[PDB]
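**Student:** everything below, folded, please.
(one chain, ligands or ions: 1)
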Amino acid sequence: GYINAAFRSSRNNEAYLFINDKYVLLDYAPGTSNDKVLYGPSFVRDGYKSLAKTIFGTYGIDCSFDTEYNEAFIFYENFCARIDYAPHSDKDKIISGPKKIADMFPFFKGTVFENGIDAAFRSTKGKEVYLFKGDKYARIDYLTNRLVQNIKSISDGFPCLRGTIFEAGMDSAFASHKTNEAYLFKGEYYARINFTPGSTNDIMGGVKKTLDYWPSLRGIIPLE
Ligand code: NA
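**Tutor:** Numbering: from 1, shown residues only. Dropping the coordinates below:
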């Protein structure tokens, strides 16, 4: 029972983490030791009343990403939705969906991403987003609803993850609040990377046991 989906919050140094059919709010503090759970662990149906009577409320969220403002895309199997998550409030809503992925992001029809996406994080370049399913990754523009490039292996786009357990799959991801950085999660292992849009940039090697560096997740992962 580990991290399944994350998206960066619009509130500085904060992130939402989705585990099983549950979620937590966290001050993941990249520049500090002072890490901490802000809200939860709660059920998605309880925390997000907008999602209470949906498949997400029943099953949780297996992939998500920050777009802009207080908005983020959330997925579960072949369906997905845009919602406003309303940081620290009641006032959270469904904006778009729930649609199938192939109706939200048409270009995905015919590919591995059509029946489900593993994880995803917001790129620093414009309205761009990187997504992961299996051992391939996509580069999209959610605003113009197009694929910026052909879908290639994580090994090809991200050379730093070669020879790491992250080479054949990522369970969860989110972008840091710091420039060109994102976190990746697979099982009990995590890594902080420094990504440059449109490059074969290596670094880093920092594959660490998640509980070792996230003090405030002991008791939550592994969620039994
Ligand atoms: Na996932």
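
**Student:** residue 61: how many residues sit nearby?
**Tutor:** Using other CB atoms under 10 Å, residue 61 has 30 other residues around it. (C-beta placed from N, C-alpha, C; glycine too.)

**Student:** tell me the contacts of it?
**Tutor:** 4, 5, 18, 23, 44, 74, 75, 76 (CB atoms under 8 Å, 6 or more residues apart in numbering).

**Student:** could you rerun that using 7 Å?
**Tutor:** 5, 18, 44, 74, 75, 76 (CB atoms under 7 Å, 6 or more residues apart in numbering).

**Student:** run through the helices of the protein in chain order.
**Tutor:** Taking DSSP state H as the test, the helices found in the chain are 44-47, 55-59, 101-104, 154-157, 210-213.

**Student:** and those helices as JSON lines, adding distance to the ion and mean neighbour count?
**Tutor:** JSON lines is the format used below for these (distance: least, CB to the ion, whole Å; neighbours: other CB atoms under 10 Å):
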{"stretch": "helix 44-47", "distance to the ion": "14", "mean neighbour count": "18"}
{"stretch": "helix 55-59", "distance to the ion": "12", "mean neighbour count": "17"}
{"stretch": "helix 101-104", "distance to the ion": "14", "mean neighbour count": "18"}
{"stretch": "helix 154-157", "distance to the ion": "14", "mean neighbour count": "18"}
{"stretch": "helix 210-213", "distance to the ion": "15", "mean neighbour count": "15"}
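
**Student:** let me know which of these is the nearest to residue 174.
**Tutor:** helix 210-213 (13.1 Å; CB to CB).

**Student:** circling back: dump the helices of the chain to a markdown table, plus distance to residue 93.
**Tutor:** Shown next, in a markdown table, are those (distance: least, CB to CB, whole Å):
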| stretch | distance to residue 93 |
| --- | --- |
| helix 44-47 | 14 |
| helix 55-59 | 13 |
| helix 101-104 | 17 |
| helix 154-157 | 33 |
| helix 210-213 | 31 |
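
**Student:** so which residues on this protein come close to the ion?
**Tutor:** Residues of the chain lying close to the ion (CB under 5 Å from the ion) are 4, 62, 118, 171.

**Student:** residue contacts, the third one?
**Tutor:** The one in question is residue 118. Residues near residue 118 by CB under 7 Å, 6+ apart: 63, 132, 133, 169, 170, 171.
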